[PDB]
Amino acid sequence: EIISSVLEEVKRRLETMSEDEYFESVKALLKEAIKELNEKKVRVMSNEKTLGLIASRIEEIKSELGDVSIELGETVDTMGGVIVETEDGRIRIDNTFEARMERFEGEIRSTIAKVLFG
């Protein structure tokens, strides 16, 4: 439940976020996933808006990310972020805000521990 509540704060911040700021998130999460897969050709999935951004700014993405090839995949219901997989679909990395918040849960718990026990 704490994961859900923190994601509501994320969704509040996304409510006024400019496209340029959101794109910085897109590039960072894309790059991280692509580095991990260590492949030049990948398929990306996210919500409609995000895939539209990636398509619109592919030049900017290739400049900052190096020599990688991206193919849009199916749209998925997500608040943001990206799911990146090898072209053959064998390996998939989930970098959606929902999955990332779950993985960062430990950090929220460290904060709570500090509040309680210092």
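In this text, residue numbers run from 1 along the sequence as written.
Colleague: Mean C-alpha B-factor higher for 46 to 54, or for 60 to 68?
Modeller: The deposited B-factors put 60 to 68 ahead on the C-alpha mean.
Colleague: Determine, for stretches 73 to 81 and 23 to 31, which one has the higher mean CA B-factor as deposited.
Modeller: Higher mean C-alpha B-factor in the PDB entry: 73 to 81.
Colleague: In terms of the CA temperature factor given in the entry, to which third of its chain does residue 102 belong: lowest, middle or highest?
Modeller: For residue 102, the deposited C-alpha B-factor lands in the middle third.
Colleague: Comparing residue 94 with the other modelled residues of its chain, is its CA B-factor in the lowest, middle or highest third?
Modeller: As the PDB entry reports it, the C-alpha B-factor of residue 94 lands in the lowest third of its chain.
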